[PDB]
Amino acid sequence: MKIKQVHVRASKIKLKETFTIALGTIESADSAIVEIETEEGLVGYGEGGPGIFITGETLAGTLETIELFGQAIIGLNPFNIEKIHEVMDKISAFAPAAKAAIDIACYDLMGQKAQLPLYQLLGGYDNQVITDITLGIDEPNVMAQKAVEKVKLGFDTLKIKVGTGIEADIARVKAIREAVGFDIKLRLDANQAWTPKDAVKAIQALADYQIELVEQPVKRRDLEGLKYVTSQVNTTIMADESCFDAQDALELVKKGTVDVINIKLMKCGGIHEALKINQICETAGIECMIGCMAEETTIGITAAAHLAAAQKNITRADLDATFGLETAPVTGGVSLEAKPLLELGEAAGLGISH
């Protein structure tokens, strides 16, 4: 198999509601969609979701980078994922969004060539995944109301955003808690909003509220501070922005900074790297959750889903980007219907088409 050509296009999908987190807001899912054509005719799909306030990447920069990658890999075999990353890495010292887009399309081609759904090439542990659904920052009573709604849809886990201040945040959780019950799992994400000691205070405050875990409580660069938190509460602390790639993961397991790690294809540059992170985490006894950027769509979510189902140590999933999309940019793959169960089929690759 040989890559004949690489095409990339912009994608802009209106979100059904304006999403808001501690780092900023977003109202449109704008990403880079790639299509890699082989000499034999097979076409693999990939996506690059740039998150300016998470990674600093932009759609303009992502599109430019993807084009440089596309011209550099013509003639290579998609199965040579090792060289493909070698090639991209020599071109750019940092562009996870661009790299993930190429990476994902290559794995899609691999699956299509082997005539196997992608999850089978990635470990084959399962052929489906269960995802939570996130609740963007808002008013305590508003979030509590939306919670009941998602639960009504069939969701058992809810990701709750916080970060305006330990005060209002605490009020937010409790409100939602005594609104849906105690059978529902509740994970919290503060996107680096708290200081070490105020983090310990806020978490302990929700001691009797039964929180599953707290995602990135402090600044991504304050590793000593993050470990401080992890080591003060018995509650499960997860690292997100503090862990982009495998080298980040190695540093965290070494220092024993957190309990769980959030993996995002758009942070590590693709499945190839995601595989590395999960392996390092599993070996260290740290489970992983597979996340997503608000800007990515069907292709990125589908790729992430196949990886999550395939790998045993990826025990949690936060693949809800397609739930807020007004329309689908492609056919097949993970539906936009808000449902916790994402079942992957027997279609080869990502199972996606124009």
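Residues carry their position along the shown sequence, with the first being 1.
- Between 39 to 47 and 22 to 30, the higher mean Cα B-factor belongs to 22 to 30.
- When the C-alpha B-factors of 102 to 110 and 220 to 228 are averaged, 220 to 228 comes out higher.
- Looking only at 138, 126, 273, 89, the residue with the top Cα B factor in the deposited structure is 138.
- When the C-alpha B-factors of 119, 244, 155, 79 are read from the PDB record, the largest value belongs to 155.
- Residue-level temperature factors show residue 236 in the middle third of its chain, judged at the C-alpha atom.
- Sort the modelled residues of the chain by CA B factor and residue 279 lands in the lowest third.
- Sort the modelled residues of the chain by CA B factor and residue 269 lands in the lowest third.
- Looking at the C-alpha B-factors along this chain, the one for residue 256 belongs to the middle third.
- Residue-level temperature factors show residue 73 in the lowest third of its chain, judged at the C-alpha atom.
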